[PDB]
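Everything on this sheet refers to the single structure shown next.
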Amino acid sequence: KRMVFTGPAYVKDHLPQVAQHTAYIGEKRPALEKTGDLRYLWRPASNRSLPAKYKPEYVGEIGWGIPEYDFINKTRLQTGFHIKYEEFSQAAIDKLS
Amino acid sequence: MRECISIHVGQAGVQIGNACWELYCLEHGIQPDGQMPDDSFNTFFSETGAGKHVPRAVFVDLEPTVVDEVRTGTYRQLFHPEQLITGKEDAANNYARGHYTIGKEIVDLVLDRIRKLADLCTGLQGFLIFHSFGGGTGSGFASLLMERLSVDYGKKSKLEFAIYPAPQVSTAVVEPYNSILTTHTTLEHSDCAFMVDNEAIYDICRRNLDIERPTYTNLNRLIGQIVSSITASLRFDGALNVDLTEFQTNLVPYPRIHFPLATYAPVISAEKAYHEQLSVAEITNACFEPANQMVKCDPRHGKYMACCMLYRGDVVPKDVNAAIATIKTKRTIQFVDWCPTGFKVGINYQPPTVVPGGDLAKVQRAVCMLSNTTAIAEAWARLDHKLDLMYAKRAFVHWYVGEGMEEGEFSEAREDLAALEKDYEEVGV
Amino acid sequence: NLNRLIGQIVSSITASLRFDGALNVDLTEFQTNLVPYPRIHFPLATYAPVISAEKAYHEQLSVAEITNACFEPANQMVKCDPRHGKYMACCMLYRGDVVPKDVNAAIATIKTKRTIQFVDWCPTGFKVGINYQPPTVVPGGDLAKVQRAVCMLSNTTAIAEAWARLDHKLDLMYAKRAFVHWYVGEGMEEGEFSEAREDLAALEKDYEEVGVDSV
Amino acid sequence: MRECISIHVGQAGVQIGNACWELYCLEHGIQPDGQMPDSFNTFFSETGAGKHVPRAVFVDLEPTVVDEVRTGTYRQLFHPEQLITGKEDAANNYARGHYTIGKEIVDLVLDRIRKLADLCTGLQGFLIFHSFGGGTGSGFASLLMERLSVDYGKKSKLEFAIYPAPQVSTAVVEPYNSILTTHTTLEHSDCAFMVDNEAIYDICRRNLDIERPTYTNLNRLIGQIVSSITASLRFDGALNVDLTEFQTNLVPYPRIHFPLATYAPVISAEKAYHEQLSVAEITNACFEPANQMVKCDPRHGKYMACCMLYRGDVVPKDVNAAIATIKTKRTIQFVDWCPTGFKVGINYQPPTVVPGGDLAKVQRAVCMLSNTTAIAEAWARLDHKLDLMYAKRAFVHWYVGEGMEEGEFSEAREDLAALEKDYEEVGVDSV
Amino acid sequence: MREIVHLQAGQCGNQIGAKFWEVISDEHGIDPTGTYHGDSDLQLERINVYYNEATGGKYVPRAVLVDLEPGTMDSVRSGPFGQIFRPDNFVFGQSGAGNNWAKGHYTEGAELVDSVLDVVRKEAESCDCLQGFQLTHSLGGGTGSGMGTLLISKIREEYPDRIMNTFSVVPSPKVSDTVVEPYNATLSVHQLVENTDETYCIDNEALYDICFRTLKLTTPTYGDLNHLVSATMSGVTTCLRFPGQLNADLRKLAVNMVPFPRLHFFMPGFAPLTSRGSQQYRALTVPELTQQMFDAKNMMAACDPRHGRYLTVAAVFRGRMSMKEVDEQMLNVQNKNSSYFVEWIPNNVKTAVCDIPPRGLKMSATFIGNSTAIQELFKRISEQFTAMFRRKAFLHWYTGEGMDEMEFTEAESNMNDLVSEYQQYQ
Ligand SMILES: Nc1nc2c(ncn2[C@@H]2O[C@H](COP(=O)(O)OP(=O)(O)OP(=O)(O)O)[C@@H](O)[C@H]2O)c(=O)[nH]1
Ligand SMILES: Nc1nc2c(ncn2[C@@H]2O[C@H](COP(=O)(O)OP(=O)(O)OP(=O)(O)O)[C@@H](O)[C@H]2O)c(=O)[nH]1
Ligand SMILES: Nc1nc2c(ncn2[C@@H]2O[C@H](COP(=O)(O)OP(=O)(O)O)[C@@H](O)[C@H]2O)c(=O)[nH]1
Ligand SMILES: [Mg+2]
Ligand SMILES: [Mg+2]
């Protein structure tokens, strides 16, 4: 059966004893090559730590440097090779509509 | 919500409680007057609005000369005045007087006080019954107590801390008569009966300690240390907490084979403890000798059935399984073929406390093994021989029958213990 | 690094709809030229002037050899060797400053070589279209900035060899009934895979039977 | 990783050890209470309570040699359970160390040895101190040798025995005891070092300025010759040897395992102001008969194998020059079947000086370990001393009443005659 | 918007979850009080998968905490990260299970399951699109094995179209922590076979061995032991929270991992496992990563795969890497070890990648493996069971509750059929 309260005399809750040192007494001389903790596997360093970014902030990716390095495709942009809608094509467009 | 109610009956029970409740007030912040100058006390101590703490125990005896010491001791402001129940006539080493004539007269008062203590409780799960198999009150009145409690509170696990009679040294003469009857009337109402022998703490204090010439008060401190190791998990945190329910579904295989032992491993002086390394692989290794146990019977006669280990202080688990894996590789330590698992561990996260002016060392590690061995069958065999040599010529029969006994229950408890010995031989095939 | 190649292939495909040229190819002559039969419409794709920004300016890139390295089996986007099969119909789309004459010159070289083989019922084989606009390049791009580009679409019977392993994979998997209960839970029959395999085998039979000749 | 276990059985062993452990704690920073205000665990065991308990088992069957240890300044430094004490003295009887009263205490010694070795992880030998004359050192040591060699086996046990001198002696039954303890140890030992007290008396009289010596000076010199054996574990040098390295460089045959030990610069403090203690003079200063710690001249024998361990500021260049000139002289005898002869070990740790001791602060020191054929005359004289007394079975009536029969002396005779014939078989050459 | 619900029963499950929520809170930049204090907006983007949003920017985990005794949640709540958990989601019993499967299944479990179902029905219907359920328990325990399986049975009856995944701790091969462990494990995994969809088996001895040799840690604790379980724990649902080149949720792995419904017993792993004194000298690249993966002693279970053959192998990568080398090395490790894979399946390795590496590692990955070498793990349990059951060792705590012998027999029969099914495909 379920309690409302887990404390003495059906009031409030139980605060257990917390171990101050959960680690182990090195009874002999503690070794230098001893990997005592295990939170070191992924610890962010203080202050400086790499955030999570996206593809436009990447390198060699999609959407990277498209408006910045636009001078490389400028010679293919400024040529007069795109088809310009003359009178007859516009007339056909208006003919359908 | 893990409380215990301690029942101390008999001279041995009250004298043991004088040390157990001395240790308990020290482990918490309890002053001897019942004051604490953040709620781990609740397994043994209550709370009254002025700040006073009142323990949950029933010191009951049939003669007043022992409880009158507690009434005028250094703990007279701590206990409830009513919970120190006393009688007026000693049972006088008689199962009959403690079970039929005097005990039935006063058994309603102790049951009423126990009922009040349970009404104060919310999550009670255990009974800690302290007595000895020797005398009359601790063998007859305790037996009537468990007879009445097992029919009243139902399936609540009552654990029993009884003092076994040694086969070579004993105080009284009528000892087999007062042990056979209580074992017969206990065997169907108990769950676990941890047995301690008096001679096997004497030789330990001679050997491990450099104590020569000790008294009962040295034995009661070791008993209190073991009983505090039993209920250590209800008070403090740890990796594996073991409460009183899994002392009961783990240590006893069959409903009749429920007589386990006890053993405290790091028992040493506070001067030898400087120069000896208290490694977990050592104290566990120094726990299985025949010379380090609190029962005289050598475990080499039989096979272990189920063992439970309790660790206190900074014990880390891999040396635990390294220790009990090296234990399994020893040809001397023999198990049964039908229990391939064998062990059970429990880890706590606080060092064992030492009373000022005590004997035991200041140590950070502690092991308490509650083993269950076949070799206790010899302990019943020698006491069976002692029963049969006395009853054959009716050595002390008239003291019993003259206080509401018959002849037939003497000639049925013999068959009950023969059946118990037959069961103990059966589990070793 | 692959999605930009696919984007370049698809930009070369629809290049005629975007810029003027000498021989514009609308999206209908692709169907009429590369698809002989209604079921046989599985061509390859080859972009030949794929090169870095450093191995482009050490060399001249005429139309004779960008039309030559394209026919080699190390430049198509499906693992299949064109020497095993026979080409059905071929489409070449030239972007950039390509004079029309050396296109037919390189064509005359290609039809001369005996190391590749065609099917008999295609005496023409090649449909070409010259767009007049060069390809564009991407910032941070792998591809070099180049003037000439070609994209080939080739209907070959060697793409049935790409189908000749997936059916074998299905015969290995379906024999032991592995991973079937995830499919038959949501309204699927155990026999749908059977008819799918029969349809694929019919496609393999069609590719086998197209390349034979009746004399 | 580099541990060693010391057993000091008998009176002579512990009277060596009480100065030996002073030397050991003085070479490190350990106070005599046990606190320090790696490179120590070859002889000690650091505990979590900061105490430094040594690895030693002090055993005697009579209490009057261990209680002054238990009340001395080292009472806080030892472990007070390993100081094993009997009740009755063995009293110069081999029967009372091996048969009658030694067998009810050897179980505790074996249990403490097992408990000491279980804590260690890198055991490489034993350091057993006894004497060949008495009853405890010749009776109880030989009892636990048979146990240690059957429960450990392949480990290389090292022992130190004080051999009975030719002229001077104290007991009169020791010709019986030495042959009795040789008969049993010979098949369960690896490398034991003989020292004679008469030779130390000559050394402490001649090149040591102090006359009228006590036993403390001899024990200090023996502690210095032991500390040079284990100087290659707690201190790292140029040429390092371990304890089992000695097992394979000094024992040509399983019966011949009795080498000697000499310390070269055993010179005074006033005379050290006058000498150039270079390695060239040190290397052949130990080769003289006046500095050998066994009263036997080498010229009647041949140096069968030799091992040298150097200490202090010793460069290995002039060591080769010093060791080359030794085998050029004709008098340092060498025969055909052992052409190499020598082995060298160096370290960078200077030999220390105990304040109040006599040995001067020298900075180069070698100890020589050598087994010679010039020890067979000692076995011949012990054999003669036994057979002069067994002509009418003189002192046997004490032995036979305490455990064994008369026939145990004939087996020891048949052992020692075989040893003598083995030595003279080794001495001759094969053409 | 693919929410998940976390369940934990027993002290083992609670203390594993207490470190999993450590790892997840560190990953998403969540304070102990329940406030977000990270830097990037990517760590907030799919925070709904593991957390429930509240007003004021307070985030509450979607976890349900339960057992039979008040022992361990008092330490769980009073810990460093105990204030984030909802006070409503703390449900509990009175009597400890006492390492009994009967007490956690019929007597106390029956009267406590209703409130746990209340909490689960409260939380599950609030989510936008529930992906599945996640549970942590121990096979050898009383309140874990007896009651988490009851929770699985009572949940599977109500959502039959979701994915069930459990996080088990198998009994150790050498040292037992409870003498009724085969009794308490056989029935639990018998109930686990027919109900769940994907399970992950963890052995303590394998973790000790990997923490002693590879990690060079002579003294790890239980808190540091649960960190590796948390590592393989958060690594399997990383594509549900972060974008990647090739995303794979839990259902995609369930499809690619389970060829037949009764064979879903998987062995978890973790790739970048180094020592502290050898961190500067690692040079993390994809070759040494995949060579550290398929090493037999990198596995978190007590089963060495050399006695068996892999059926299907998963490999979820995380971080900045290219793609040909992944395909190349799953080609290579499958090619030269064709004796250790099945010949009736052409491709055995499922690969997935993500774009955001963990906090402080250049790249990381998680190994999930379905091998037919797990039949030996059930074989020793069956041997211990049929050795204890033959002489009726501890049964009277089960028939003394209201069970039957024939249910023990049918559990052992199901175990034998499972072992035979795993053996037949070899
Ligand atoms: N170990 C230990 N045993 C005790 C102690 N006090 C009494 N005993 C045991 O108690 C036994 C004596 O019989 P009891 O059980 O005390 O007699 P009783 O039933 O209490 O009856 P009364 O003594 O009149 O109260 C002896 O065998 C003792 O070994 C004690 O303080 N420590
Ligand atoms: N160098 C040295 N030799 C000693 C010392 N004490 C005794 N001896 C020698 O030991 C020889 C006698 O053998 P012991 O070792 O004393 O006899 P034991 O082993 O004690 O046998 P018990 O006297 O019966 O106990 C004597 O000849 C002495 O030369 C000592 O303190 N230093
Ligand atoms: N790795 C790990 N294992 C644990 C932890 N706590 C308990 N266990 C394991 O759980 C098993 C005990 O079962 P348990 O679930 O605690 O019993 P129950 O709580 O009564 O159901 C033991 O074999 C332990 O190895 C933990 O914090 N970490
Ligand atoms: Mg009494
Ligand atoms: Mg003596």
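Among residues belonging to segment B:315-342 that are β-branched (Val, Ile, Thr) and surrounded by fewer than 19 Cβ atoms within 10 Å (Cβ to Cβ), point out the one that is nearest to E:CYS211 (Cα to Cα).
Only one residue tops the list, namely B:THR326.
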Residues of segment E:299-319 being under 28 Å from E:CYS354 (Cα atoms) and in contact with a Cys (Cβ under 9 Å, 6 or more places away or on another chain), which ones?
-> E:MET300, E:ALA301, E:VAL316, E:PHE317, E:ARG318, E:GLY319
Could you tell me whether any residue of segment B:252-259 is touching a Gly at 6+ places or on another chain (Cβ under 7 Å) and on the phi < 0 side of the Ramachandran plot?
-> no
Sole residue being within 14 Å of chain B (Cβ to nearest Cβ), over 23 Å from the mean Cα position of the chain (by Cα) and away from ligand 1 (no atom under 16 Å from the Cβ), chosen from E:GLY93, E:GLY104, E:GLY141, E:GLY56 | E:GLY93
Could you list all residues from segment E:322-360 that are in contact with a helix residue (DSSP H, G or I) (Cβ under 6 Å, 6 or more places away or on another chain), within 14 Å of chain A (Cβ to nearest Cβ) and surrounded by 18 or more Cβ atoms within 10 Å (Cβ to Cβ)?
-> E:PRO358, E:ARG359
Taking segment A:20-37, which residues are at the interface with chain E (Cβ under 9 Å from one of its Cβ atoms) and either outside any loop (DSSP other than H, G, I, E, B) or within 30 Å of E:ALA97 (Cα to Cα) (or both)?
-> A:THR22, A:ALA23
Filtered residues of segment D:5-40 (kept if surrounded by 21 or more Cβ atoms within 10 Å (Cβ to Cβ) and in a loop (DSSP other than H, G, I, E, B)) | D:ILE30, D:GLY34
Filter segment B:46-65 for residues that are of a type in the set (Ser, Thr, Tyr) and either surrounded by 19 or more Cβ atoms within 10 Å (Cβ to Cβ) or assigned to a loop (DSSP other than H, G, I, E, B) (or both) and give the result.
-> B:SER46
In this structure, is B:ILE114 within 15 Å of the chain's Cα centre (by Cα), away from ligand 2 (no atom under 16 Å from the Cβ) and surrounded by 20 or more Cβ atoms within 10 Å (Cβ to Cβ)?
-> no
Given segment D:124-224, what helices (runs of 4 or more DSSP H) lie entirely inside it while holding 2 or more residues that are among the β-branched types (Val, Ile, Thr) and in contact with a strand residue (DSSP E or B) (Cβ under 9 Å, 6 or more places away or on another chain)?
-> D:174-185
Filter segment E:296-319 for residues that are closer than 29 Å to E:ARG241 by Cα and surrounded by fewer than 14 Cβ atoms within 10 Å (Cβ to Cβ) and give the result.
-> none
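Conditions (1) part of a helix (DSSP H, G or I); (2) more than 12 Å from every other protein chain (Cβ to nearest Cβ); (3) surrounded by fewer than 19 Cβ atoms within 10 Å (Cβ to Cβ), marked per residue:
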residue	(1), (2), (3)
B:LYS344	no, no, no
B:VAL355	no, yes, yes
B:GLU378	yes, yes, yes
B:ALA395	no, yes, yes
B:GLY404	no, yes, yes
B:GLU415	yes, yes, yes
Answer residue from segment D:225-260, given it is touching a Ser or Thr at 6+ places or on another chain (Cβ under 9 Å) and polar (S, T, N, Q) and is farthest from ligand 5 (Cβ to nearest atom) among those | D:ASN240
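Taking the conditions exactly as written (more than 16 Å from ligand 2 (Cβ to nearest atom), buried (at least 22 other Cβ atoms within 10 Å of the Cβ), of a type outside the set (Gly, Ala, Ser) and under 22 Å from the mean Cα position of the chain (by Cα)), does E:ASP26 satisfy them or not? If you could, list the steps in order and put the result at the bottom.
Details: more than 16 Å from ligand 2 (Cβ to nearest atom): yes; buried (at least 22 other Cβ atoms within 10 Å of the Cβ): no; of a type outside the set (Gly, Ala, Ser): yes; under 22 Å from the mean Cα position of the chain (by Cα): yes.
Spelling it out, it is not the case that E:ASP26 is more than 16 Å from ligand 2 (Cβ to nearest atom), buried (at least 22 other Cβ atoms within 10 Å of the Cβ), of a type outside the set (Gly, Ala, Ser) and under 22 Å from the mean Cα position of the chain (by Cα).
For (1) more than 22 Å from D:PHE43 (Cβ to Cβ); (2) of a type in the set (A, V, I, L, M, F, W, C), each residue gets a yes or a no:
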{"residue": "D:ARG112", "(1), (2)": "no, no"}
{"residue": "D:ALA117", "(1), (2)": "no, yes"}
{"residue": "D:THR121", "(1), (2)": "no, no"}
{"residue": "D:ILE128", "(1), (2)": "no, yes"}
{"residue": "D:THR136", "(1), (2)": "yes, no"}
{"residue": "D:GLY139", "(1), (2)": "yes, no"}
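Closer than 30 Å to B:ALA96 by Cα and more than 16 Å from ligand 5 (Cβ to nearest atom), is that true of B:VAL196?
yes
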If you go through segment A:38-97, how many residues are assigned to a helix (DSSP H, G or I) and of a type in the set (S, T, N, Q)?
-> 3
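From the list B:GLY136, B:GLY126, B:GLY140, which one is surrounded by 19 or more Cβ atoms within 10 Å (Cβ to Cβ), within 14 Å of chain E (Cβ to nearest Cβ) and either among the polar types (S, T, N, Q) or more than 16 Å from ligand 2 (Cβ to nearest atom) (or both)?
Within the list B:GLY136, B:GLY126, B:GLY140, the selection yields B:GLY126.
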Can you find even one residue in segment D:169-181 that is over 17 Å from the mean Cα position of the chain (by Cα) and more than 14 Å from ligand 2 (Cβ to nearest atom)?
-> yes
Within segment E:162-219, which residues are under 14 Å from E:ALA301 (Cβ atoms), hydrophobic (A, V, I, L, M, F, W, C) and in contact with a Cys (Cβ under 6 Å, 6 or more places away or on another chain)?
-> E:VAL169, E:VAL170
So which residues in segment E:209-254 are of a type in the set (A, V, I, L, M), in contact with a helix residue (DSSP H, G or I) (Cβ under 6 Å, 6 or more places away or on another chain) and more than 10 Å from chain A (Cβ to nearest Cβ)?
-> E:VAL229, E:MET233
Can you find a residue in segment D:73-83 that is crowded, with 21+ Cβ neighbours inside 10 Å and either among the charged types (D, E, K, R) or within 16 Å of ligand 4 (Cβ to nearest atom) (or both)?
-> no
Counting only residues that are within 10 Å of chain D (Cβ to nearest Cβ) and among the aromatic types (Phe, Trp, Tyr), how many does segment B:258-289 have?
-> 1
For residues in segment E:71-80 being surrounded by fewer than 21 Cβ atoms within 10 Å (Cβ to Cβ) and part of a loop (DSSP other than H, G, I, E, B), which is nearest to the other protein chains (Cβ to nearest Cβ)?
-> E:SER78
For segment E:236-255 the number of residues that are of a type in the set (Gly, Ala, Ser) and either out of contact with any strand residue (DSSP E or B) (no Cβ under 7 Å at 6 or more places or on another chain) or closer than 21 Å to C:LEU2 by Cβ (or both) is 2
Return the residue satisfying two criteria in turn: it lies in segment E:255-286 and is in contact with a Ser or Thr (Cβ under 9 Å, 6 or more places away or on another chain), under 25 Å from E:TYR310 (Cα atoms) and assigned to a loop (DSSP other than H, G, I, E, B), and of such residues it is nearest to the other protein chains (Cβ to nearest Cβ).
-> E:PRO259
Flagged pairs (Cβ under 7 angstrom, 6 or more apart or on separate chains; first in segment A:57-80, at the interface with chain C (Cβ under 7 Å from one of its Cβ atoms) and surrounded by 11 or more Cβ atoms within 10 Å (Cβ to Cβ); second aliphatic (A, V, I, L, M) and assigned to a loop (DSSP other than H, G, I, E, B)) are A:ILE72/C:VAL137; A:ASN73/C:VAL137
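None of the figures in this text is laboratory data; all of them are computed from the coordinates on show. Because the Cβ atoms are built from the backbone with ideal geometry, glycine has one as well, and the counts that use them run over all protein chains shown.
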